[PDB]
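**Student:** The file below is input-v9.csv, CSV, C-alpha atoms and all ligand atoms:
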```csv
chain,number,residue,atom,x,y,z
J,1,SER,CA,0.0,0.0,0.0
J,2,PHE,CA,0.9,3.7,-0.4
J,3,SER,CA,3.3,5.0,2.3
J,4,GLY,CA,5.2,8.2,2.9
J,5,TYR,CA,2.9,10.5,0.9
J,6,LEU,CA,2.1,14.0,1.9
J,7,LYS,CA,-1.6,14.8,1.7
J,8,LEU,CA,-2.3,17.9,-0.4
J,9,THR,CA,-6.1,17.7,-0.7
J,10,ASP,CA,-8.9,15.3,0.2
J,11,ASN,CA,-7.9,13.1,-2.7
J,12,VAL,CA,-4.4,14.2,-3.9
J,13,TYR,CA,-1.2,12.9,-2.3
J,14,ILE,CA,2.4,13.4,-3.3
J,15,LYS,CA,5.8,11.8,-2.7
J,16,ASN,CA,9.4,12.3,-3.9
J,17,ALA,CA,9.8,9.0,-5.5
J,18,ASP,CA,10.8,7.2,-8.7
J,19,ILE,CA,7.4,6.0,-10.1
J,20,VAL,CA,9.0,2.8,-11.4
J,21,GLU,CA,10.3,1.9,-7.9
J,22,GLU,CA,7.1,3.0,-6.3
J,23,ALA,CA,5.1,0.8,-8.8
J,24,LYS,CA,7.4,-2.3,-8.1
J,25,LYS,CA,6.9,-1.8,-4.3
J,26,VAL,CA,3.2,-1.1,-4.2
J,27,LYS,CA,2.0,-3.1,-7.3
J,28,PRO,CA,-1.0,-0.7,-7.5
J,29,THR,CA,-4.2,-1.4,-9.4
J,30,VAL,CA,-3.3,1.4,-11.8
J,31,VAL,CA,-0.1,3.1,-12.7
J,32,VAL,CA,-0.4,6.1,-15.0
J,33,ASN,CA,2.1,6.4,-17.9
J,34,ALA,CA,3.0,9.8,-19.4
J,35,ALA,CA,2.4,8.4,-22.8
J,36,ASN,CA,2.5,10.0,-26.3
J,37,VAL,CA,-0.2,9.4,-29.0
J,38,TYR,CA,1.9,6.6,-30.6
J,39,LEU,CA,2.6,4.8,-27.3
J,40,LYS,CA,6.4,5.1,-28.1
J,41,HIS,CA,7.9,4.7,-24.7
J,42,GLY,CA,11.3,6.2,-25.4
J,43,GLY,CA,12.2,8.5,-22.5
J,44,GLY,CA,10.9,10.2,-19.4
J,45,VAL,CA,8.4,8.2,-17.3
J,46,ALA,CA,7.3,6.1,-20.3
J,47,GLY,CA,10.9,5.0,-21.1
J,48,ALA,CA,11.5,4.2,-17.5
J,49,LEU,CA,8.2,2.2,-17.0
J,50,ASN,CA,8.7,0.4,-20.3
J,51,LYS,CA,12.4,-0.5,-19.4
J,52,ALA,CA,11.1,-1.9,-16.1
J,53,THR,CA,8.7,-4.2,-18.0
J,54,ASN,CA,11.7,-5.6,-20.1
J,55,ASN,CA,10.0,-3.9,-23.1
J,56,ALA,CA,6.8,-5.9,-22.7
J,57,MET,CA,4.9,-2.6,-22.4
J,58,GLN,CA,6.2,-1.5,-25.8
J,59,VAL,CA,5.4,-4.8,-27.5
J,60,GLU,CA,1.8,-4.7,-26.1
J,61,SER,CA,1.6,-1.0,-27.1
J,62,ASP,CA,2.7,-1.6,-30.7
J,63,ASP,CA,0.0,-4.2,-31.0
J,64,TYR,CA,-2.5,-1.8,-29.6
J,65,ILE,CA,-1.5,1.0,-32.1
J,66,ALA,CA,-1.5,-1.5,-35.0
J,67,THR,CA,-5.1,-2.3,-34.1
J,68,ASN,CA,-6.5,1.0,-33.0
J,69,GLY,CA,-4.3,3.8,-34.3
J,70,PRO,CA,-2.9,6.6,-32.2
J,71,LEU,CA,-4.5,8.1,-29.2
J,72,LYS,CA,-5.7,11.7,-29.1
J,73,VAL,CA,-3.7,14.3,-27.1
J,74,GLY,CA,-5.7,14.4,-23.9
J,75,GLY,CA,-6.8,10.8,-24.3
J,76,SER,CA,-5.9,7.5,-22.8
J,77,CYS,CA,-6.1,3.8,-23.0
J,78,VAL,CA,-5.9,1.0,-20.4
J,79,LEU,CA,-3.4,-1.7,-21.0
J,80,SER,CA,-1.6,-4.2,-18.8
J,81,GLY,CA,0.5,-3.0,-15.9
J,82,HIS,CA,2.9,-6.0,-16.5
J,83,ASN,CA,5.2,-6.4,-13.4
J,84,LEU,CA,4.4,-2.9,-12.2
J,85,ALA,CA,0.6,-2.7,-11.7
J,86,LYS,CA,-2.6,-4.6,-12.6
J,87,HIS,CA,-3.2,-1.9,-15.3
J,88,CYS,CA,-1.4,0.9,-16.9
J,89,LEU,CA,-3.4,3.9,-17.8
J,90,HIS,CA,-1.5,5.5,-20.7
J,91,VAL,CA,-2.5,9.1,-20.6
J,92,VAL,CA,-1.4,11.7,-23.2
J,93,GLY,CA,-0.8,15.1,-21.8
J,94,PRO,CA,0.1,17.9,-24.2
J,95,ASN,CA,3.7,18.1,-25.1
J,96,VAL,CA,4.4,21.9,-25.2
J,97,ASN,CA,8.0,21.1,-26.6
J,98,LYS,CA,6.1,19.6,-29.7
J,99,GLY,CA,3.8,22.8,-29.7
J,100,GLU,CA,0.7,21.1,-28.4
J,101,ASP,CA,-2.2,23.0,-26.7
J,102,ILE,CA,-1.6,23.3,-22.9
J,103,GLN,CA,-5.5,23.6,-22.4
J,104,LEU,CA,-5.6,19.8,-23.2
J,105,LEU,CA,-4.0,19.1,-19.8
J,106,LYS,CA,-7.4,19.3,-18.0
J,107,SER,CA,-8.8,16.7,-20.5
J,108,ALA,CA,-5.8,14.5,-19.9
J,109,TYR,CA,-6.3,14.6,-16.1
J,110,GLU,CA,-10.0,13.8,-16.6
J,111,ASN,CA,-9.0,10.2,-17.6
J,112,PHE,CA,-7.9,9.7,-14.0
J,113,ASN,CA,-11.5,10.0,-12.9
J,114,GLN,CA,-12.4,6.6,-14.4
J,115,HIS,CA,-10.2,4.9,-11.8
J,116,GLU,CA,-10.8,4.9,-8.0
J,117,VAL,CA,-7.1,5.0,-7.1
J,118,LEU,CA,-4.0,5.7,-9.2
J,119,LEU,CA,-0.2,6.0,-8.9
J,120,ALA,CA,0.7,8.8,-11.3
J,121,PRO,CA,3.3,11.2,-12.5
J,122,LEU,CA,2.4,14.9,-13.1
J,123,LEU,CA,1.1,15.1,-16.6
J,124,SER,CA,2.9,17.1,-19.2
J,125,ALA,CA,5.8,17.7,-16.7
J,126,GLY,CA,9.4,16.6,-17.3
J,127,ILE,CA,10.3,16.2,-20.9
J,128,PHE,CA,6.7,17.2,-21.9
J,129,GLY,CA,7.7,20.8,-21.2
J,130,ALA,CA,4.8,22.1,-19.1
J,131,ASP,CA,5.3,23.9,-15.8
J,132,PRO,CA,4.9,21.2,-13.1
J,133,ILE,CA,3.4,23.7,-10.6
J,134,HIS,CA,0.6,24.3,-13.2
J,135,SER,CA,0.2,20.5,-13.8
J,136,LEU,CA,-0.3,19.9,-10.0
J,137,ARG,CA,-2.9,22.8,-9.9
J,138,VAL,CA,-4.8,21.2,-12.8
J,139,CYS,CA,-4.5,17.8,-11.2
J,140,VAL,CA,-6.0,19.0,-7.9
J,141,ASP,CA,-8.7,20.9,-9.7
J,142,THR,CA,-9.7,18.1,-12.1
J,143,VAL,CA,-9.1,14.7,-10.5
J,144,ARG,CA,-11.7,13.6,-8.0
J,145,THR,CA,-10.5,10.0,-7.5
J,146,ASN,CA,-7.5,9.2,-5.2
J,147,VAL,CA,-4.3,10.1,-7.0
J,148,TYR,CA,-0.8,9.3,-5.5
J,149,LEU,CA,1.7,11.5,-7.3
J,150,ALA,CA,5.3,10.4,-7.6
J,151,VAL,CA,7.7,13.3,-8.3
J,152,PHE,CA,11.1,12.0,-9.3
J,153,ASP,CA,13.0,15.2,-8.8
J,154,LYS,CA,13.6,16.2,-5.0
J,155,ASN,CA,14.1,19.9,-5.7
J,156,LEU,CA,10.9,20.0,-7.8
J,157,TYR,CA,9.0,18.0,-5.1
J,158,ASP,CA,10.1,20.6,-2.5
J,159,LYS,CA,9.1,23.5,-4.8
J,160,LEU,CA,5.7,21.8,-5.5
J,161,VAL,CA,4.9,21.3,-1.8
J,162,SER,CA,6.2,24.6,-0.6
J,163,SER,CA,4.4,26.6,-3.3
J,164,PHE,CA,1.1,24.6,-3.1
J,165,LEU,CA,-1.9,26.9,-2.6
J,201,LIG,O1,14.8,3.6,-15.2
J,201,LIG,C1,14.6,3.9,-14.0
J,201,LIG,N1,14.7,5.1,-13.5
J,201,LIG,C2,15.0,6.3,-14.4
J,201,LIG,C3,13.9,7.2,-14.5
J,201,LIG,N2,12.9,7.2,-13.6
J,201,LIG,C4,12.0,8.2,-13.9
J,201,LIG,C5,10.9,8.7,-13.3
J,201,LIG,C6,10.2,9.8,-13.9
J,201,LIG,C7,10.7,10.3,-15.1
J,201,LIG,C8,11.9,9.9,-15.7
J,201,LIG,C9,12.5,8.8,-15.1
J,201,LIG,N3,13.7,8.1,-15.4
J,201,LIG,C10,14.4,2.8,-13.0
J,201,LIG,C11,14.2,1.5,-13.1
J,201,LIG,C12,13.9,1.0,-11.8
J,201,LIG,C13,13.9,2.1,-11.0
J,201,LIG,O2,14.1,3.2,-11.7
```
When written as structure tokens, how does the structure in this file appear?
**Tutor:**
Amino acid sequence: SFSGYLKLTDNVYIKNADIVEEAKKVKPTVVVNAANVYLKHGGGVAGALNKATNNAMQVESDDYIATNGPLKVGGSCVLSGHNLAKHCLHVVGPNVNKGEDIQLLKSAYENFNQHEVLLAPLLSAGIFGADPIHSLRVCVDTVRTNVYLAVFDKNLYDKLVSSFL
């Protein structure tokens, strides 16, 4: 079960943790992946989660894309969580480095509401280029289900907690 999280709101919790190690320890029902529309898990959270599955996440994802085509920015799909979780919810937040619309971040977080409890990263943060403080704000104002946020970077985690309104 989830331990060492700081409570931000009634339903949002946060911890300075590597989401891969957190997923291997907790084996949650749902781990969220910071996916792209192609489910190409090359880097960031996606690359790390996929590497932890020995590439099984990428093999499953390529079969999913071959059958269904790409996801929408702001959309999601549920796939296996492999050795990390029961399920992986691949959520596509806007990548502002690729010029995608930041307003799609609320739509991306709305996917979390279909699951009672999730282990998740901050969407569009990291290599996706959005301001993580803004992502946490959108998360708390959009997600109503229980979300356990893992923030890899200690300095960012401290900035997120200390600046949380
Ligand atoms: O590959 C690993 N960590 C690197 C990593 N961890 C991230 C978390 C968020 C964003 C980028 C990251 N990149 C690993 C394997 C097992 C435990 O950790």
**Student:** What does the distance between atom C2 of ligand LIG 201 (chain J) and atom CA of residue J:66 come to in Å, to one decimal place?
**Tutor:**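 Here the two named atoms are 27.5 Å from each other.
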**Student:** Find, counting only C-alpha atoms, the residue in J:37, J:78, J:149, J:49 that gets nearest to residue J:94.
**Tutor:** J:37
**Student:** For ligand LIG 201 (chain J), list the contacting residues at 10 Å or closer, counting all atoms listed in the file, as a ChimeraX atom specification.
**Tutor:** /J:17-24,33-34,43-53,120-122,125-127,150-153
**Student:** Within 10 Å of residue J:9, counting all atoms listed in the file, which residues show up once you throw out same-chain ones fewer than 6 positions away? Write them as a ChimeraX atom specification, please.
**Tutor:** /J:140-141,146
**Student:** Could you check how far atom CA of residue J:15 sits from atom CA of residue J:119, in Å to one decimal?
**Tutor:**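 Value for the atom CA of residue J:15-atom CA of residue J:119 distance: 10.4 Å.
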**Student:** Taking (-6.1, 3.0, -23.3) in the file's coordinates as the center, which residues reach within 7 Å of it, counting only C-alpha atoms, put as a ChimeraX atom specification?
**Tutor:** /J:76-79,89-90
**Student:** Give me, please, the distance in Å between atom CA of residue J:13 and atom CA of residue J:100, quoted to one decimal.
**Tutor:**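 Going from atom CA of residue J:13 over to atom CA of residue J:100 covers 27.4 Å.
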**Student:** Please complete stretch 119-140 of chain J so it has N, CA and C atoms, and hand it over as a CSV table (one decimal), in the coordinates of the input.
**Tutor:**
```
chain,number,residue,atom,x,y,z
J,119,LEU,N,-1.6,5.5,-9.1
J,119,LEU,CA,-0.2,6.0,-8.9
J,119,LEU,C,0.1,6.7,-10.2
J,120,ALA,N,0.5,8.0,-10.1
J,120,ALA,CA,0.7,8.8,-11.3
J,120,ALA,C,1.8,9.7,-11.3
J,121,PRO,N,2.3,10.1,-12.4
J,121,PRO,CA,3.3,11.2,-12.5
J,121,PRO,C,2.4,12.5,-12.8
J,122,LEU,N,3.1,13.7,-12.7
J,122,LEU,CA,2.4,14.9,-13.1
J,122,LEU,C,2.4,15.0,-14.6
J,123,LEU,N,1.2,15.1,-15.2
J,123,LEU,CA,1.1,15.1,-16.6
J,123,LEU,C,1.7,16.3,-17.2
J,124,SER,N,2.3,16.1,-18.4
J,124,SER,CA,2.9,17.1,-19.2
J,124,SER,C,4.2,17.7,-18.5
J,125,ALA,N,4.6,17.2,-17.4
J,125,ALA,CA,5.8,17.7,-16.7
J,125,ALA,C,7.0,17.0,-17.3
J,126,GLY,N,8.2,17.3,-16.8
J,126,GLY,CA,9.4,16.6,-17.3
J,126,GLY,C,9.7,17.0,-18.7
J,127,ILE,N,10.0,16.0,-19.5
J,127,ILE,CA,10.3,16.2,-20.9
J,127,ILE,C,9.1,16.6,-21.8
J,128,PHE,N,7.9,16.6,-21.2
J,128,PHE,CA,6.7,17.2,-21.9
J,128,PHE,C,6.7,18.7,-21.9
J,129,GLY,N,7.5,19.3,-21.1
J,129,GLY,CA,7.7,20.8,-21.2
J,129,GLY,C,6.8,21.7,-20.4
J,130,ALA,N,5.7,21.2,-19.8
J,130,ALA,CA,4.8,22.1,-19.1
J,130,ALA,C,5.4,22.4,-17.7
J,131,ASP,N,4.9,23.5,-17.1
J,131,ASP,CA,5.3,23.9,-15.8
J,131,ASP,C,4.6,22.9,-14.8
J,132,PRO,N,5.5,22.2,-14.0
J,132,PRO,CA,4.9,21.2,-13.1
J,132,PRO,C,4.0,21.8,-12.0
J,133,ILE,N,4.2,23.1,-11.6
J,133,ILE,CA,3.4,23.7,-10.6
J,133,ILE,C,1.9,23.8,-11.2
J,134,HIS,N,1.9,24.2,-12.5
J,134,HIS,CA,0.6,24.3,-13.2
J,134,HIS,C,0.0,22.9,-13.3
J,135,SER,N,0.8,21.9,-13.7
J,135,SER,CA,0.2,20.5,-13.8
J,135,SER,C,-0.4,20.0,-12.4
J,136,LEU,N,0.3,20.3,-11.3
J,136,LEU,CA,-0.3,19.9,-10.0
J,136,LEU,C,-1.6,20.7,-9.7
J,137,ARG,N,-1.7,21.9,-10.1
J,137,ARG,CA,-2.9,22.8,-9.9
J,137,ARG,C,-4.0,22.1,-10.7
J,138,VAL,N,-3.7,21.8,-12.0
J,138,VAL,CA,-4.8,21.2,-12.8
J,138,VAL,C,-5.2,19.8,-12.3
J,139,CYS,N,-4.2,19.1,-11.8
J,139,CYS,CA,-4.5,17.8,-11.2
J,139,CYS,C,-5.5,17.9,-10.0
J,140,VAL,N,-5.1,18.8,-9.0
J,140,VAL,CA,-6.0,19.0,-7.9
J,140,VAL,C,-7.4,19.5,-8.2
```
